[PDB]
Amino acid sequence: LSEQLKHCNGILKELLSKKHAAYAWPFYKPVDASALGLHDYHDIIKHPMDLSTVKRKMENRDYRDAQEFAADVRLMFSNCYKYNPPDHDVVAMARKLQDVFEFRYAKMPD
């Protein structure tokens, strides 16, 4: 649906909003592995993903359906769970943001 893609865009706007910034901020831009010293990040993560890339894809009409959008958002969280020790602060932040995503994604109009 165009309608379903508008729901997805609403979700995206919420994930980027000040409401969730305390835990969403690490997801705003691509992981800058060299800047952070994470010199194994691109050996472990095949497909980097972040909210700015999702936003560009939405703006460019790249997503053809809601499922394609959700797959990228979930890819972003999965990269976080794959790379990091499970006690890292960033993983706690991912879990919280994913909760926001999954509850609202579930309310998709059909």
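Note that residue numbering follows the sequence shown and begins at 1. Rigid core here is just the name for the largest C-alpha set that superposes within 1.5 Å across the two forms.
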Exercise. Rigid core superposed, root mean square over structures and residues, which stretch has C-alphas farther from this form in 7 other deposited structures of this protein, 45-53 or 29-37?
Worked result: 29-37
Exercise. When the C-alpha temperature factors are averaged for each of 83-91 and 10-18, which stretch ends up with the higher value in the entry?
Worked result: 83-91
For this session: Using the B-factors recorded in the PDB entry, average over the C-alpha atoms of 1-9 and of 101-109, then report which stretch comes out higher.
Result: 1-9
Exercise. Once the chain's modelled residues are ordered by C-alpha B factor and cut into thirds, is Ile44 in the lowest, middle or highest one?
Worked result: middle
Problem set entry | Among modelled residues of the same chain, the CA temperature factor third for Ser78 | lowest
Problem set entry | Third of the chain's Cα B-factor distribution that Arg61 belongs to, per the entry | highest
Problem set entry | B-factor third for the C-alpha atom of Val54 within its chain | middle
For this session: Consider only the C-alpha atoms of the modelled residues in this chain, order them by B-factor as the entry records it, and name the third containing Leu36: lowest, middle or highest.
Result: highest
